[PDB]
Amino acid sequence: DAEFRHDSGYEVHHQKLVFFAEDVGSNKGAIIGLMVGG
């Protein structure tokens, strides 16, 4: 669940970057390689 918001007012710039990220190169809460005998 992501809630991202950007509201601009009065901005004067040569360059501007707004970077919002969550899961970039990730395996959050993943199961990888599990053996259960029972």
# chains A, B, ... in the order shown; residues from 1 in each chain; ligands from 1
>>> residues_around(residues="stretch 11-23 of chain A", least_positions_apart="4", cutoff="8 Å", atoms="only C-alpha atoms", output="ChimeraX atom specification")
/A:2,4,28
>>> atom_distance(atom1="atom CA of residue A:6", atom2="atom CA of residue A:24")
20.1 Å
